[PDB]
Amino acid sequence: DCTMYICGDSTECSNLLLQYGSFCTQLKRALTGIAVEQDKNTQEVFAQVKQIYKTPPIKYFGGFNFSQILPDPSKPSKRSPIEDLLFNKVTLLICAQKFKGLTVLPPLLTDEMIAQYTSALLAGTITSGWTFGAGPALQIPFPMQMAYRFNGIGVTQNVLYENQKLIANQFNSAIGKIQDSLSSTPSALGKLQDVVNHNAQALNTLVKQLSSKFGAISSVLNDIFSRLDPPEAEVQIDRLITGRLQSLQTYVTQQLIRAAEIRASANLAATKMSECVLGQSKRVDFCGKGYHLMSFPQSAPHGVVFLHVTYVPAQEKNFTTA
Amino acid sequence: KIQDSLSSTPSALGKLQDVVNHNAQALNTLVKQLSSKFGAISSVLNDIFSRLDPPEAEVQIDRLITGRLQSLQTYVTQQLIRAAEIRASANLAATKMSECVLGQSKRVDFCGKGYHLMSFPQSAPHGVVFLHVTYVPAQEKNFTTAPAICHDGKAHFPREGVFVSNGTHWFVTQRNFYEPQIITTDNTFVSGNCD
Amino acid sequence: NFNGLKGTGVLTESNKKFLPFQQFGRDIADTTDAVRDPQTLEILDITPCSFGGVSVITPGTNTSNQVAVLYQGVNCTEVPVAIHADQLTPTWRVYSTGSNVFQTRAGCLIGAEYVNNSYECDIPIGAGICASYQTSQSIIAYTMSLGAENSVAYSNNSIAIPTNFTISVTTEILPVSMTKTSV
Ligand SMILES: *[C@@H]1O[C@H](CO)[C@@H](O[C@@H]2O[C@H](CO)[C@@H](O)[C@H](O)[C@H]2NC(C)=O)[C@H](O)[C@H]1NC(C)=O
Ligand SMILES: *[C@@H]1O[C@H](CO)[C@@H](O[C@@H]2O[C@H](CO)[C@@H](O)[C@H](O)[C@H]2NC(C)=O)[C@H](O)[C@H]1NC(C)=O
Ligand SMILES: *[C@@H]1O[C@H](CO)[C@@H](O[C@@H]2O[C@H](CO)[C@@H](O)[C@H](O)[C@H]2NC(C)=O)[C@H](O)[C@H]1NC(C)=O
Ligand SMILES: *[C@@H]1O[C@H](CO)[C@@H](O)[C@H](O)[C@H]1NC(C)=O
Ligand SMILES: *[C@@H]1O[C@H](CO)[C@@H](O)[C@H](O)[C@H]1NC(C)=O
Ligand SMILES: *[C@@H]1O[C@H](CO)[C@@H](O)[C@H](O)[C@H]1NC(C)=O
Ligand SMILES: *[C@@H]1O[C@H](CO)[C@@H](O)[C@H](O)[C@H]1NC(C)=O
Ligand SMILES: *[C@@H]1O[C@H](CO)[C@@H](O)[C@H](O)[C@H]1NC(C)=O
Ligand SMILES: *[C@@H]1O[C@H](CO)[C@@H](O)[C@H](O)[C@H]1NC(C)=O
């Protein structure tokens, strides 16, 4: 709220800001435009499908293990195990003392319905494959949605059926290793830790400038009206008014530039949850390094984490060709 | 039904409606801002040079010179950011019209929801409207499936298709349209043994 | 004004231990939050008062004239302190006391009644609530739904294959250029 940030509970300071005229309206109108768009950004990513597909009540998906990713009813917050860490490594007084004109509006989608959309994408990508993103969601096993995903590589289907269990064990060991690597690495959630840090840094610098002189004698508003006769006060509180208004324009202008790169990354995640997840992409080094197989979306606070699965050739030989 | 739908729902052309509404509002707010005071005497430049003594007047009109300069600086800065999100959509239209129109695209959910067939550009005021002709399956039927088949000790695999059955006969068909055929060597290639 | 400090707030107690010479109290954001009483030695506290804004939940003006209101970040057990109904009209005090009261993490809206049925969203509210105008002549605030449950029957030998198709035409709209200008 412009009025409360620039002037406190002062009645005569409200009329001085009114003399500037129509400056504060642009600030609120810009900030809503971001706040509406932030609730829009979640809908293009997690809400690619409308029918919330129920998770299968029976395990043993062909020979693989999806316990780490598929939600566990024994938990009191209905989330999955790998998602369980992701809510602890990322951190967020913290939100209570900022009430000096500013506020933190709650998101329209909470952490439960986001955890249900992710649990709906996961339950369709297992028993249906890519169909459920183009019409009625059909049904097909998972030891087959894998053999029709080696066919896009060019390695054909003889590699999966034959020698089936080792590929099951390689996938099982690979999903076991990803839990430990996220725990120890310092920057594992580096791209989301600094996002919540930058907003914390931006608000703290904005609120720390309320106690600055800006060329005046003091940063207090009501006391300097009584230590000084009326002409001087006007000839000094303009400095505090133009100091904080320029200090609030800098905060707003940074947010539009910052929101222009989250939207550049929401659209990169809206085109990654619709090509890697709902299909198989042939764009090189797009859906994971190497040849692509599938993906598994997972949620995170103010972000999203994709869990790619790739195919990388290994031991090689020498031959004579014609 | 396309002609009826755009002429019915009034939010058919909302996207482009906000484009001309934002620019109309931006210019209108800019014009009304020069009636402000900015802590000075009045928004009319003539009266300050009349009543105020000359050296003090120069002080009071410094508010109006930088007050309107801050109003143009704010207005220009918004257009600089707003032109960035249009060029992000102009490059998206130049990408769609060079792939969805002049070819058939395989990027899922890029040229229309479903499997893409064609496109048809149409000119709209300050924008473009596409007509993504797509493909959607309709009615599903249950079947019993097997991952392979072996005749004489050696497994067989589909050349391109899925093995299906309806209770007593096994058929190979395509993946997006039901059409059974008889299992011959043209559909099967051998690999390994069926143990 | 006690201990030489002018300001507004709520004087309550807390669990602190001041030093024998320390007098004031300040936080990270550099504001007063703990003032020791000169006459009596104990630990006090200062909390902010009221704040928040309002939102006029209205349907189309051709269909209704009565409106709801939303109080962001205000507990329903202490609204009339933050409403200050002594200075307000009884027309405005309808949204101060009454049967229709509701609490959520987004706020404490009033003038609308919660309904247990769930269907599609019309006007967003906050933290998973949507409001719509259903008749008669009242505004409801239901819980937003995400859709129906297909509940696909997964099996190890079940395949579904479509036998018919449909051809559809989807219209999408993009801006290409805004209006040129010069100054
Ligand atoms: C899938 O992986 C989970 C996670 O390791 C397995 O659960 C473990 O099961 C063993 C014995 O069954 C226990 O000793 C571990 O304590 C379990 N881990 C946890 C975290 O509880 C599960 O058995 C695996 N399932 C399949 C089918 O492979
Ligand atoms: C499964 O489909 C096949 C092919 O459509 C059916 O086989 C035909 O059945 C009709 C009527 O019984 C016979 O007149 C044909 O001679 C059969 N074709 C062959 C090649 O034998 C079969 O009946 C279907 N099974 C069920 C249970 O409906
Ligand atoms: C495939 O679906 C189309 C409609 O999507 C069917 O066309 C309809 O057929 C019935 C009877 O044959 C007619 O009464 C309708 O007027 C047709 N609709 C249209 C839009 O033409 C078609 O028959 C279906 N084909 C099969 C083999 O089931
Ligand atoms: C294949 O290339 C040459 C053969 O002349 C030799 O270095 C070796 O056999 C192979 N090199 C590898 C595997 O790097
Ligand atoms: C048949 O298909 C429908 C999908 O429309 C499914 O609900 C049902 O369980 C299937 N029945 C069998 C026996 O496969
Ligand atoms: C104005 O009234 C019409 C007539 O029913 C109806 O469209 C609606 O209530 C109002 N229009 C809009 C755009 O809200
Ligand atoms: C509002 O206050 C009541 C008790 O006065 C409390 O139970 C409830 O949790 C509060 N609402 C919040 C904190 O959102
Ligand atoms: C209607 O909603 C209220 C609010 O939670 C709840 O207490 C009540 O049990 C609901 N009624 C029914 C029949 O479920
Ligand atoms: C699961 O697959 C095995 C593989 O042969 C099969 O025997 C079993 O019947 C399947 N389960 C169900 C419920 O059909």
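Residue numbers (full-length UniProt numbering), protein chains in the order written: chain S, 737 to 828, 849 to 1078; chain W, 933 to 1127; chain E, 542 to 676, 689 to 736.
All C-beta atoms in this analysis are idealised placements derived from N, C-alpha and C, irrespective of residue type, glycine included.
Assumed close pair residue i, residue j - CB separation to whole angstroms, cut-off 8 Å
i       : j       : result
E1072/W : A706/E  : So it is not a contact: roughly 12 Å between Cβ atoms.
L948/S  : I742/S  : That belief does not hold up - the Cβ atoms of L948/S and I742/S are roughly 33 Å apart, past 8 Å.
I788/S  : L699/E  : 5 Å
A879/S  : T791/S  : 4 Å
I1013/W : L1012/S : 5 Å
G857/S  : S968/W  : Rounded, the Cβ-Cβ distance is 23 Å, inconsistent with contact.
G744/S  : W886/S  : At roughly 59 Å, the Cβ-Cβ gap does not stay under 8 Å, so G744/S and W886/S are not in contact.
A672/E  : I664/E  : 5 Å
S591/E  : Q690/E  : So it is not a contact: roughly 32 Å between Cβ atoms.
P589/E  : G550/E  : 7 Å
Which residues DSSP lists as bridging residue i, in chain order
i             : result
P561/E        : Paired residues: none, contrary to the question.
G1059/W       : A1056/W
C1082/W       : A1087/W
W1102/W       : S1097/W
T1066/S       : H1048/S
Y660/E        : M697/E
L611/E        : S596/E
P665/E        : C671/E
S721/E        : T1066/W
residue 770/E : A question about residue 770/E goes unanswered here, because the residues of chain E that appear run from 542 up to 736.
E654/E        : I693/E
Residues near residue i by beta carbon distance below 6 Å, same chain, minus five either side
i      : result
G999/S : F970
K933/W : none
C760/S : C738
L552/E : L585
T696/E : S659
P728/E : none
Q965/S : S1003
Residue i at chain C interface by Cβ criterion, 9 Å
i      : result
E702/E : Of the protein chains in this structure, namely S, W and E, none is chain C.
Extent of the continuous beta strand (DSSP E) to which residue i belongs
i       : result
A694/E  : 692–697
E1072/W : 1072–1077
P715/E  : 711–715
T1117/W : No beta strand (DSSP E) holds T1117/W; DSSP gives it neither H nor E.
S673/E  : 670–674
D586/E  : 585–588
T553/E  : 551–554
Spatial neighbours of residue i in its chain, beta-carbon cut-off 8 Å, leaving aside the 5 residues before and after
i       : result
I584/E  : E554, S555, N556, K557, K558, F559, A575, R577
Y1110/W : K1073
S1030/S : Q784, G889
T1077/W : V1094, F1095, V1096, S1097
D568/E  : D574
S929/S  : none
Residues near residue i by beta carbon distance below 7 Å, same chain, minus five either side
i      : result
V595/E : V610, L611, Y612
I909/S : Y1047, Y1067
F906/S : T912, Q913, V915, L916
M902/S : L916
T874/S : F782, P1053, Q1054, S1055
Start-to-end residues for the alpha helix (DSSP H) that takes in residue i
i       : result
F759/S  : 759–782
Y873/S  : 867–883
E819/S  : 817–825
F981/S  : 978–982
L1004/S : 986–1026
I923/S  : 920–940
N955/W  : 946–964
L916/S  : Where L916/S is concerned, there is no enclosing alpha helix (DSSP H), given that its DSSP letter is neither H nor E.
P621/E  : 620–624
Is there contact between the region 1082–1092 of chain W and the region 1043–1061 of chain W, where contact requires at least three CB pairs shorter than 8 Å?
Taking 8 Å as the limit for Cβ pairs, the verdict is that the region 1043–1061 of chain W does not touch the region 1082–1092 of chain W.
Should the region 864–873 of chain S be regarded as contacting the region 658–669 of chain E, the criterion being three or more beta carbon pairs within less than 8 Å?
Flag = yes, the region 864–873 of chain S and the region 658–669 of chain E touch.
Kindly confirm or deny that the region 810–824 of chain S and the region 1052–1061 of chain S touch, where touching means at least three C-beta pairs closer than 8 Å.
Yes, since at least three Cβ pairs between the region 810–824 of chain S and the region 1052–1061 of chain S fall closer than 8 Å, the two stretches touch.
Count Cβ pairs between the region 1017–1035 of chain S and the region 771–783 of chain S that sit closer than 8 Å; are there 3 or more?
They touch, by the three-pair rule.
With a cut-off of 8 Å, do at least 3 Cβ pairs link the region 564–575 of chain E to the region 624–642 of chain E?
The region 564–575 of chain E vs the region 624–642 of chain E: no contact.
Would you call the region 762–774 of chain S and the region 972–982 of chain W in contact, with 3 or more CB pairs under 8 Å?
Using a Cβ-Cβ distance cut-off of 8 Å, the region 762–774 of chain S and the region 972–982 of chain W are not in contact, since fewer than three pairs of beta carbons, one from each stretch, lie closer than that value.
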